[PDB]
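# A structural walkthrough
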Amino acid sequence: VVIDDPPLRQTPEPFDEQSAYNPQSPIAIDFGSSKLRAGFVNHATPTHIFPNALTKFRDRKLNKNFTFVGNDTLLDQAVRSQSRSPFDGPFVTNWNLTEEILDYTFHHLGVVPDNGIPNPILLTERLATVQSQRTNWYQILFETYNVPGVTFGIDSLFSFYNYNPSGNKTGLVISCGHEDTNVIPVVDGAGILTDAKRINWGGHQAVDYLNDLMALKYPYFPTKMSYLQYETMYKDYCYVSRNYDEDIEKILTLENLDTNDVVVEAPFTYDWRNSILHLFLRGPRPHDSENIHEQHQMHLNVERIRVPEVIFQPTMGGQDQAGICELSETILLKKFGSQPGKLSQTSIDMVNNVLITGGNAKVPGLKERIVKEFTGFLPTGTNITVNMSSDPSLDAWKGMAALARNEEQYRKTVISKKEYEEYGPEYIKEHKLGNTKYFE
Amino acid sequence: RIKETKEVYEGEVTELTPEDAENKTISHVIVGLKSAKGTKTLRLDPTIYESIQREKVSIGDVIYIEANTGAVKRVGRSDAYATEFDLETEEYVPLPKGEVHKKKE
Amino acid sequence: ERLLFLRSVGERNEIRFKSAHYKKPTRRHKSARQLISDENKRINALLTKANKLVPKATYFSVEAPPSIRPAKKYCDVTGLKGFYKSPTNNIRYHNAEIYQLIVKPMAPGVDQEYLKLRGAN
């Protein structure tokens, strides 16, 4: 019996400021999929990381309405519990709250304002964003703030630009993120969004799935654990099996039971081998209902594989869509000019360049899984090389930094306020790092 | 005493497309075979295509192809195609974990 | 007490970052599903105008289609192979003791939240 307590511990010093700055230098925000970070362009690493959450916290002895938005939630647990994200689903439903978030970020940057904003901005758009949300973002960043430089871009494609700085590389980009998982094919550094696909399942849905299975495994439990406790035991106690099918027969079981079968303990106050239900529920050791800790204890690992393995079979999550393997197979073989039987040359170098990223892809065992299934459907003898990032959430920020180092690419990606005033909000610059047109 | 080579193609029938090219009598057939180490594609004469038709082979079946003798033996439907119906007479067999093309002397 | 730390940091956050004469436009507040319906109506209006150019969309054409391979079946309560499904309950179950221990004495209304994981409720 090895027990783990899951309560969140965080009480840092307050986030701060950098007064020394250049007003003409661009600034980068990396919303992306994980919705967590920002920083100055000239630095190699992001300066600040925010939880993307807002707390209304009335202060006593002077009763006014107060915003405790952002990283202040990490300081106090009650302020953390009061917090909620601006995003409703795939997109933010609270635009003035986003304005408050952005102004908090600008103050934490340490810039001295000039008119609206004196500096160019780097912005990550969500893939294939809705036109009304495009207009909403335009009226956020240009009419409200008079900005010299505005860019639109996709975070996983920024990741591809980060690990392919030349900008003329074929490749296949997968992104497993907090909200959704997308597949995007890239040809000569220009991604094709007509052939791109995505699944609505994301990391947040995975933690919700774990919470649902956890509500089902013990309907009667003395303690209600928080969302972030579920997040911690998801990021610490879920790994990808090499293949689901044989590993669900022997569910780390018989001999491998009581070697890796971890029991999860709450924060505060006929044979056992014969019953399969008892082995699933209370583990290998005999259950003692009298112990208050063991009544508060909970046996996990029973299926810690199901939670990452929903992305390959999305019908387990209720969504009637194909998985990562099937979409990657039909992109690599059926589409992009490859007749069924050989890979086209673009498809060959797509196989040679495959990147796993997102920041929700830090679950162990994903690389070997995707390599084995890529070997499964491809012709024999084709070399498969899949590249993995050390911090997969951090790739898009370095990507827009590396584009900002590329002066002609940056000049081709800036939208200024005069174009938004003239062609209106229907128009977008067709970057290789941007969304295509809506119709046709 | 005779020396001999045995060449075996094995795996799941991914694709099966007979080209007729009438001038009834098919010209040839293209056959794709899938294993755990990858897949291949094969070009076959119409006689072994008819012998394939006499083992009731469809897409998803696992077959035995010998290069020289040209003998065909079906093994059963694939494990990935098990849940098309809840219970069916077709024997379900896993994929060959080796390569498709095996040779021995 | 306790309020000094939070009071001080909130003093640092709250006072510049805006253009002349702009404020909250008190716009209508909608949830996300509302935005999907309005966007769907928008390209619907565009295509009905075009019908009276080629059909293409962004948020709906990146939707992953359903798979052609039949998906693996799993038990609803345990998660192994669902060899069997109960006729009355429509619940996938693994074996006999699972059936008589969970599927039979299940308290009603739990079968829909069982199927809600697979979205068959």
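In its metadata, the entry names cryo-EM as the structure determination method and reports 3.48 Å as the resolution.

This part is about the sheet that holds strand β13 (residues 297-299) of chain A. Residue and element names in this part refer to chain A. In space, the three strands of this open sheet follow the order β1-β12-β13, with mixed pairing throughout. Because the sheet does not close on itself, it has two edges, and the strands there are β1 (3-4) and β13. Sheet topology note: the β1/strand β12 (residues 263-265) ladder contains two bridges and is parallel. Residue pairing across strands places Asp4 opposite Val264, the latter belonging to β12.

Residue and element names in this part refer to chain A. With their axes 7 Å apart at the nearest point, helix α4 (residues 155-163) and helix α13 (residues 395-405) run at an angle of 65° to one another. Every pair of crossing elements has a handedness; the one defined by α4 and α13 is left-handed. Facing α4, whose interface residues are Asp155, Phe158, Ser159, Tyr161, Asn162 and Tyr163, α13 presents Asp395, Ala396, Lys398, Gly399, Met400, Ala402 and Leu403. For the contact of α4 with α13, the residue count by class is seven nonpolar, three polar and three charged.

Let us now look at the pairing of strand β1 (residues 6-19) of chain B. Pairing geometry for β1 of chain B and strand β7 (residues 101-104) of chain B, over four bridges, is antiparallel. Counted as the bridge partner of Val8 of chain B is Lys102 of chain B from β7 of chain B.

Right, let's get into the nonpolar core. Residues and elements named next belong to chain A. Judged by nonpolar contacts, the single largest core of 66 residues is most densely connected at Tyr234 and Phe374. Of all the elements, helix α5 (residues 203-217) adds the most residues to this core, at seven residues. Once residues lying within four places of it in the same chain are set aside, the contact partners of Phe374 are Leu172, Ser328, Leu332, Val354 and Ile384. Among the nonpolar cores identified, the runner-up in size contains 30 residues, and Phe91, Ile117, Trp137 and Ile428 belong to it.

Using the criterion set out here, one finds 29 salt bridges over all chains in the structure. Residue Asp30 of chain A is joined to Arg37 of chain A by a salt bridge in which the shortest nitrogen-to-oxygen separation is 3.1 Å. Here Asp30 of chain A matches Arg37 of chain A in class, with each residue buried. Each member of the salt-bridge network shares a partner with another, and the members are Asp61, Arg74, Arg77, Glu84 and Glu90 of chain B.

A few words now on the interface of chain C and chain A. At the junction of the two partners, chain C supplies 59 residues and chain A supplies 78 residues. Where the side of chain C that touches chain A is concerned, the elements lending two or more residues are α1 (3-13), α2 (32-51), α3 (96-103) and α4 (110-118) of chain C. Considering each element in turn, the side of chain C that touches chain A owes the most residues, eight residues, to α1 of chain C. Considering only residue class, the side of chain C that touches chain A consists of 27 nonpolar, 12 polar and 20 charged.

Bringing the interface of chain B and chain A into the picture now. The interface is formed by nine residues belonging to chain B together with eight residues belonging to chain A. Buried area between chain B and chain A, both sides added, is near 540 Å², and the carbon and sulfur share of it is 50%. Applying the counting rule to chain B against chain A returns zero salt bridges. Run the count over chain B and chain A and you get two residue pairs in polar contact. Of all the secondary structure elements, the ones that give two or more residues to the side of chain B that touches chain A are β2 (28-35) and β3 (38-44) of chain B. Element by element, the count of residues in the side of chain B that touches chain A is highest for β3 of chain B, at four residues. Looking at the side of chain B that touches chain A, its residues break down into one nonpolar, four polar and four charged.

In this structure the tally under the stated criterion is 18 aromatic pairs over all chains. Ring geometry for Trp201 of chain A and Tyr209 of chain A: centres 5.5 Å apart, planes at 90°, overall edge-to-face. The same class applies to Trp201 of chain A as to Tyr209 of chain A, namely buried. When the centroid spacing of 4.5 Å and the interplanar angle of 35° are considered together, the rings of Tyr423 of chain A and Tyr427 of chain A count as tilted. Residue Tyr427 of chain A is classed as partly exposed on the basis of its relative accessible area, which comes to 24%. Ring-pair connections join several aromatic residues into one group, and the members of that group are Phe31, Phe50, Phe87 and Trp137 of chain A. The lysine or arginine in question, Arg198 of chain A, covers the ring of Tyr59 of chain C, its NZ or CZ lying 4.4 Å from the ring centre. Against the face of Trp272 of chain A rests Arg273 of chain A, its NZ or CZ located 5.1 Å from the ring centre.

On to helix α2 (residues 95-109) of chain A, then. For α2 of chain A, which comprises 15 residues, the first-to-last C-alpha distance of 21 Å matches the rise-based estimate of 21 Å (1.5 Å per residue) to within 8%. In this structure, the buried side of α2 of chain A is in contact with β2 (27-30), β3 (37-40), β4 (48-49) and α3 (131-143) of chain A together with α1 of chain C. One or two residues past the end of α2 of chain A sits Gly110 of chain A, with phi positive at roughly 95°.

Before going further, it helps to spend a moment on the side chain of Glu309 of chain A. All names here are of chain A. Within the secondary structure, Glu309 sits in the loop between β13 and α10 (324-334). A polar atom in the side chain of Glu309 sits 2.7 Å from the backbone nitrogen of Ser241. Those residues in contact with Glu309 that lie beyond four places of it in its chain are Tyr239, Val240, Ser241, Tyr244, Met316 and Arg369.

Our next topic: the state of the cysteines. Taken as a whole and judged by the stated rule, the model has zero disulfides over all chains. You can see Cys238 of chain A has no disulfide; the closest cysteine sulfur is in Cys176 of chain A, sitting 12 Å from it. For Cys238 of chain A, a relative accessible area of 4% gives the class buried. Looking at the unpaired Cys75 of chain C, the closest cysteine sulfur is the one in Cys238 of chain A, lying at 19 Å. Classification of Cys75 of chain C as buried rests on a relative accessible area of 6%.

Residues and elements named next belong to chain A. Its location among the elements puts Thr357 in strand β14 (residues 354-357). Judged by its relative accessible area of 2%, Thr357 is buried. Polar contacts involving the side chain of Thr357 include one to the side chain of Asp395, which spans 2.7 Å.

What follows concerns the sheet that holds β3 of chain A. Residue and element names in this part refer to chain A. The strand order across the open sheet formed by four strands is β4-β3-β2-β5, and the pairing between neighbours is mixed. Since the sheet does not close on itself, it has two edges, and those belong to β4 and β5 (121-122), each with one partner. Against the sheet, α13 contacts β2, β3 and β5, and its axis sits at roughly 150° relative to β2.

Listed in full, the buried residues belonging to α1 of chain C are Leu3, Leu6, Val9, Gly10 and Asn13 of chain C. Each buried residue of α1 of chain C sits inside an arc of 140° when the element is viewed along its axis, so together they form one side. For α1 of chain C, exposure combined with an orientation more than 90 degrees from the buried face picks out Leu4 and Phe5 of chain C. Looking at the buried side of α1 of chain C, the elements it contacts are α1 (77-82) and α2 of chain A.

Cut-offs applied
- Residues numbered from 1 in each chain as written, not as in the entry; some residues may be left out.
- Chains lettered and ligands numbered in written order.
- Part of a larger assembly, values for the part shown.
- Heavy atoms only, no water.
- Residues with missing side-chain atoms left out of burial classes, pairs and counts.
- Pairing = 2+ DSSP bridges.
- Helix = DSSP H or I, 4+ residues; strand = E, 2+ residues; numbered from the N terminus.
- Axes fitted to C-alpha atoms, helices over the stretch in contact; angles between N-to-C directions.
- Left-handed = near helix turned anticlockwise from the far one by under 90°.
- Contact = heavy atoms within 4.5 Å.
- Nonpolar A, V, L, I, M, F, W, Y, C, P; charged D, E, K, R; others polar.
- Core = buried A, V, L, I, M, F, W, Y, C linked by side-chain atoms within 4.5 Å.
- Buried < 20%, exposed > 50% of the residue type's maximum accessible area, 1.4 Å probe, protein only.
- Salt bridge = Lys/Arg side-chain N within 4 Å of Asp/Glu carboxyl O.
- Buried area = accessible area lost by both parts, 1.4 Å probe.
- Polar contact = N/O pair within 3.5 Å; in protein donor to acceptor, adjacent residues only side chain to side chain.
- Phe/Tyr/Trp six-rings, centres within 6.5 Å; stacked < 30°, edge-to-face > 60°.
- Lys NZ or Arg CZ within 6 Å of the ring centre and 35° of its normal.
- Expected span 1.5 Å × (residues − 1).
- Disulfide = S-S within 2.5 Å.
- Arc of directions from axis to C-beta.

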